[PDB]
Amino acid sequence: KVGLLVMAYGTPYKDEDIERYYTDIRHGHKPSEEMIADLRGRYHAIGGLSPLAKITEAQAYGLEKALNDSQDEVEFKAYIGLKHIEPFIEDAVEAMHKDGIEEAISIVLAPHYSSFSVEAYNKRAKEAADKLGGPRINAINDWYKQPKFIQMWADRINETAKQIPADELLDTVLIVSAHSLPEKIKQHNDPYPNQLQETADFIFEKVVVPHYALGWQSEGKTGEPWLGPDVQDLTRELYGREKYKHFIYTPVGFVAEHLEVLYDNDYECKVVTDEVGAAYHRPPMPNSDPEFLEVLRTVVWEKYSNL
């Protein structure tokens, strides 16, 4: 009945895909052999390829089932629309149209909104809808305010923090982060940095960890300022000022274990904590955990109810 357009970045299915994938990320402008080798190396450092493709499938169809098992007002049919590899956003909308789906709710697998992320997802999805003639795309822009989302993260952080000696929890700090973007989005009151601060604040309101700070990660290869501080620079800064013994990294901008977590956090950030002599913690990402599917099920239903 109702189309469930679940959108995410996408990831190379094969080592042979890294090239066209990176090209699509660079809006067609093919990267150099050096850029490709750096990216391929990062993928190999996390075991070869990312599990994002399978986690994304599990989230998309785990969400479809969660919605369908919880009510019978409508039947949701989930179509996956990736940003930089097939099936693309336009392919998903094409499938919805050919399948007779005339109404759909779209959600990005990223809780926060920004001109670079969700807006691009929604523009492409809605423009594909306009051209094909359907379906009608009712887009969710953000859902970080979903109480179950905040609680999910607080629980994970609390699960980890209660593994920290009480006499060292005062020396523990929570690093909330998301994918960095060009700092210029802050010049036009882009909500992204604020949604992250709000998310960090909400989660801090509900965890035992007494210290927290908002960082950014995965800044791109460009020649303009990107949002900071970077989680690595932040870790250094915080150890210098407070000598924290435990760093709990929650890249709440992401919803799955993928390259931007398995490398930029589990490697690059751990390198810094190893350096300063502090402990590294990175709670499990939501992936397709039942409570996260419940978060998405709640977000999508509240959206449908408001249609």
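Numbering starts at 1 and follows the sequence shown.
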When mean C-alpha B-factors in the record are compared for 230 to 238 and 132 to 140, the larger belongs to 132 to 140
Look over 99 to 107 and 173 to 181 in the entry and identify the one with the greater average Cα temperature factor.
99 to 107
Modelled-residue ranking by C-alpha temperature factor, third containing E119
middle
Binned into thirds over the chain's modelled residues, the C-alpha B-factor of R40 lands in the middle
When the modelled residues of the chain are sorted by Cα temperature factor, does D274 land in the lowest, middle or highest third?
middle
Thinking about Cα B factors across the chain, which third does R282 belong to?
lowest
In terms of the CA temperature factor given in the entry, to which third of its chain does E268 belong: lowest, middle or highest?
lowest
